[PDB]
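Below you'll find the structure, written out as structure tokens, and then a few comments.
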Amino acid sequence: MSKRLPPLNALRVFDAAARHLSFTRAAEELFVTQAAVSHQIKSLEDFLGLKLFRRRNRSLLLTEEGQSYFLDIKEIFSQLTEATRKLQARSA
DNA sequence: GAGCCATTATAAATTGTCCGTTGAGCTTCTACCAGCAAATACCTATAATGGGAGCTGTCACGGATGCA
């Protein structure tokens, strides 16, 4: 069974969506456009089947459907960036 | 009312493709001395001096053939 992992892009914008509280401001930190955020939520939804946020006026709140899947994203990028540091540091 | 999340299109990116090289290691093909097996030559000095070798066991016409 081929292990269909989540896309390499939807995960990082998902962490900055909660911190920045705004989707437009979530794109300036990742030097991308705001339209790229909505492109990747659907592809990752194929595995989840749960909606990631609940709409609020001029605000972004947390829903339990996507909340379970927040807790298994923020540690992936932490260690891989650490991983980049280790080879780079030992190379020097 | 204006900000911000679903839609639509495209090409830049992006990752898995067709083509080649190569040191090395494994599987053939060849040959050639060793060496033993095999093959081939040569010599033997008491004396020895003419077989048939089993016939063939018989039909029996014709047409020549060669003599006398």
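Residue names in the structure tokens use chain letters A, B, ... in the order shown, residue numbers from 1 in each chain, and ligand numbers from 1 in the order shown.
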
Q: Find the residues near residue A:65: any atom within 10 Å, counting only C-alpha atoms (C1' of nucleotides), skip ones fewer than 4 places away on the same chain, and give them as a PyMOL selection string.
A: chain A and resi 48-54+69-70

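DSSP on the backbone gives strand (DSSP E) for these parts of chain A: residues 53, 54, 55, 56, 59, 60, 61 and 62 of chain A.
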
Those residues with N, CA, C and O atoms, as a PDB file, in the first residue's frame please?
ATOM      1  N   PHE A  53     -11.203  25.223   9.364  1.00  0.00           N
ATOM      2  CA  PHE A  53     -11.539  26.401  10.152  1.00  0.00           C
ATOM      3  C   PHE A  53     -13.031  26.679  10.042  1.00  0.00           C
ATOM      4  O   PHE A  53     -13.724  26.138   9.177  1.00  0.00           O
ATOM      5  N   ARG A  54     -13.525  27.526  10.941  1.00  0.00           N
ATOM      6  CA  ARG A  54     -14.897  28.009  10.895  1.00  0.00           C
ATOM      7  C   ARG A  54     -14.874  29.511  10.652  1.00  0.00           C
ATOM      8  O   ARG A  54     -14.124  30.239  11.310  1.00  0.00           O
ATOM      9  N   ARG A  55     -15.689  29.968   9.706  1.00  0.00           N
ATOM     10  CA  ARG A  55     -15.669  31.370   9.314  1.00  0.00           C
ATOM     11  C   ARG A  55     -16.186  32.263  10.435  1.00  0.00           C
ATOM     12  O   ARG A  55     -17.170  31.944  11.107  1.00  0.00           O
ATOM     13  N   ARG A  56     -15.501  33.386  10.635  1.00  0.00           N
ATOM     14  CA  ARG A  56     -15.918  34.420  11.569  1.00  0.00           C
ATOM     15  C   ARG A  56     -15.628  35.774  10.939  1.00  0.00           C
ATOM     16  O   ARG A  56     -14.740  35.899  10.094  1.00  0.00           O
ATOM     17  N   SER A  59     -12.148  37.594  11.768  1.00  0.00           N
ATOM     18  CA  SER A  59     -11.473  36.793  12.778  1.00  0.00           C
ATOM     19  C   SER A  59     -11.455  35.341  12.325  1.00  0.00           C
ATOM     20  O   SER A  59     -12.271  34.916  11.504  1.00  0.00           O
ATOM     21  N   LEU A  60     -10.505  34.585  12.874  1.00  0.00           N
ATOM     22  CA  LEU A  60     -10.355  33.163  12.592  1.00  0.00           C
ATOM     23  C   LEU A  60     -10.361  32.399  13.906  1.00  0.00           C
ATOM     24  O   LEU A  60      -9.545  32.675  14.793  1.00  0.00           O
ATOM     25  N   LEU A  61     -11.271  31.439  14.028  1.00  0.00           N
ATOM     26  CA  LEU A  61     -11.400  30.626  15.227  1.00  0.00           C
ATOM     27  C   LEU A  61     -11.058  29.173  14.915  1.00  0.00           C
ATOM     28  O   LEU A  61     -10.888  28.779  13.757  1.00  0.00           O
ATOM     29  N   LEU A  62     -10.962  28.376  15.974  1.00  0.00           N
ATOM     30  CA  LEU A  62     -10.535  26.987  15.885  1.00  0.00           C
ATOM     31  C   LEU A  62     -11.733  26.052  15.975  1.00  0.00           C
ATOM     32  O   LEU A  62     -12.585  26.206  16.857  1.00  0.00           O
TER      33      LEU A  62
END

Q: Compute the set of chain B residues within 12 Å of chain A, using only C-alpha atoms (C1' of nucleotides), and express it as JSON, numbers by chain.
A: {"B": [2, 3, 4, 5, 6, 7, 8]}

Q: Using atom CA of residue A:2 and atom CA of residue A:45 as the two end points, give the distance in Å to one decimal.
A: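 Here the two named atoms are 18.0 Å from each other.
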
Q.
As an exercise, work out the distance from atom CA of residue A:74 to atom CA of residue A:15 in Å and give it to one decimal place.
A. 6.6 Å

Q | Backbone-only DSSP, alpha helix (DSSP H) members of stretch 6-60 of chain A, as a ChimeraX atom specification | A | /A:10-20,23-28,35-48

Q) Any idea what the distance is between atom CA of residue A:27 and atom CA of residue A:44? A) 18.0 Å
